Structures are given as C-alpha cells and as structure tokens.
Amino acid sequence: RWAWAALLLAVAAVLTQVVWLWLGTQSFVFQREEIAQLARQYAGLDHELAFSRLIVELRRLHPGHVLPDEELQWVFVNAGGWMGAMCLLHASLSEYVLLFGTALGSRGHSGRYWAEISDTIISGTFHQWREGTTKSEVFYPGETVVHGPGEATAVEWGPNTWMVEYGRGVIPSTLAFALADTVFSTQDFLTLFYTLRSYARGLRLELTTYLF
C-alpha cells in the first residue's frame, strides 16, 4: 500500500501541472480601458439609462459573458463600515464587472484585496483618502479610479453616486471582505445568499460559454 501514496501524488502532480498550464495560458474577456471608455461615454446620461445602454453594449461586444435580464438583480453590500448596492454583469475566478452605487452616500474602508479594481464614475462623487497621506482626492463622473492590489484607502461616496467597476485578480478572496459586515454587522443572511447566488450564476454562465 506504500505505492498507493506514490500513485496518488503522481496523479495529483499531473493534475496540478494541468491547472498551472491552464491558469498561465488563460486570456481575459475584458480590458480595463474598454470598460472605462464604455462607462465614460454614458456618464452624461441618467444612471438608469446609462446602466441599460452599457449592459446592452457589453452584451453585444462580448456575447456569452454577460448575465441575462432574468439573472440581473440589485443586491445591497455592507462592507468596511459602508453600505452600497451592486448589480453583477460578469464574474469569473479572475474577472468581474458590476454596477455599484449608493443613493444616500456612504463612508468606510476600501478593502485590502488580492486584485486590481477600476471604478469609472457615472454620477456622484468619489472621495479617496490614500493610506499614509493626510489629504484626500475627489473623482467626478467620467473619471476612473484604480485600486492596486495590497492597497487600502478610505472611501466616501456622496449622495446618489453610481459607477461601473471592473476587477481583476483573485476574485474569491474579495468575497471575504464584501460579506464581513453582512455577517457581523447586519446579520442579513438573505443578502448573503443573493450575493452568493449572483456569483454562482456568473460562474455558471462562464462555464457553459467556455464549454458551448
């Protein structure tokens, strides 16, 4: 039975080599500049119509990578002491696209992610206070603010602020932050389930499109 462990580790090594080669040779569906430009073109419109136009355009530019209307749902998000709402359009293990915002405004922690985030503002204001600094910057509709991996900032969204977000990195690690206040502050298990279901629907779509 000593060779059974050798066979198990051999199969495991070949499988891990497959996984490594696949993770290495994977391309990305979206480009940061693509999402940024699509969101900047629609910043002048009201956020409802801008969301609609951007979703239609994303669907026509990358078919099979945008959730259908039957699976689009606004879901609240409580994290880092702030509260907003998001609608997920695309979600994989390495990429995500969503619409985020708040009609009341909010303030809190940006989150320390293993990913690169890009928020292009459709309406409102985005105040960012970078770590180690004593001043804050402000971003207005049409501008794009980037969150590098391992960075943490303080964030402040003014009333009626809405943006398009494109994240790229270790996506399953970000759920730990985005659901922290849902577990320990709001105890909103229904919203937790809705978020997990949106993520799973995005994964399902990506898998079926990759398999055809």
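When you see a residue number, it is the position in the sequence shown, counting from 1.
For the pair 8 to 16 and 193 to 201, the record assigns the higher mean C-alpha temperature factor to 8 to 16. Ranked by Cα temperature factor within the chain, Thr102 sits in the lowest third according to the deposited record. When the modelled residues of the chain are ordered by C-alpha B-factor, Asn78 sits in the lowest third. Looking at the C-alpha B-factors along this chain, the one for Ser27 belongs to the highest third.
Sorting the modelled residues of the chain by their CA temperature factor places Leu93 in the highest third. When all modelled residues of the chain are sorted by CA temperature factor, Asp181 is found within the middle third.
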